[PDB]
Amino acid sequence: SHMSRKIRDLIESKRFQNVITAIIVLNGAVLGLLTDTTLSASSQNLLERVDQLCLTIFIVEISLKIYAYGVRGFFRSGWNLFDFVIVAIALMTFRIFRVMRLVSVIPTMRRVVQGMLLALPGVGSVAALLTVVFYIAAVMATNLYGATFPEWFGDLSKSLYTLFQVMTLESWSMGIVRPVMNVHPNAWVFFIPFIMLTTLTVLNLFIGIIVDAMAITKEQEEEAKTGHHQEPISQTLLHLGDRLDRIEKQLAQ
């Protein structure tokens, strides 16, 4: 109980964070050195020991945490969970994902990610509309072009892949649409509207995420530093209205 408190004070320490950071980076650097195919077996052996170590430190850390907060207190945070899964999973193939923990552990990084996650609900409808345009476009392109262009359109999967490439504008004309039009001369009537509508919609999607993510992140940075945020101008004005109701009611008296 005094122990809990002294440990929670270690954990919530800034030096302790710096140390977990340093270990994430180290574990990351070593997984990077291990991509190098030319390494001696002793080189690889060291590196792989450096990694067992990193992972052991994380076990202690997570222990120090589940303890100083209890099972239900730790698992109350999605970040703790994420930290827990990522570390636990290594105890049972892309280990480099452990480097994501730079996000869970560094607060300003965590707040960028939380802004983005929190913005996802409010673009869900733009994303659904994009999804529907894709699905429809892919069925039509399969039926229209699948028999004459089967590597690009031969089945629904192929069509979706190709249309995604088309929406990114990558070789959409020299590589896809001009060859298509040599066999189907009006194919531009399909492809040009597809491009116009998906590029508009995907930028609508991007801009909505970003504008909202940034506003959320900024409120969170405010709360984290002063315990509150700026009131919306919206509600500042309403309050000004209140002081003017209590002046018109004191002026009638």
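Just so we're on the same page, rigid core means the largest C-alpha set that superposes within 1.5 Å between forms. Counting begins at 1, following the sequence as shown.
For the pair 203 to 211 and 220 to 228, greater average C-alpha departure from the shown form in 7 other deposited structures of this protein after core alignment is found in 220 to 228.
Missing coordinates between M92 and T93 amount to 10 or more residues of the deposited sequence. As recorded in the PDB entry, 105 to 113 is the stretch of 147 to 155 and 105 to 113 with the greater mean C-alpha temperature factor. Mean CA B-factor, 137 to 145 versus 93 to 101: the higher value falls on 93 to 101. The PDB entry assigns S171 a C-alpha temperature factor belonging to the lowest third of its chain's modelled residues. Residue-level temperature factors show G32 in the middle third of its chain, judged at the C-alpha atom. Annotation for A68: C-alpha temperature factor in the highest third relative to the rest of the modelled chain, per the entry. Sorting the modelled residues of the chain by their CA temperature factor places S125 in the middle third. Sort the chain's modelled residues by C-alpha temperature factor and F75 lands in the highest third, per the entry.
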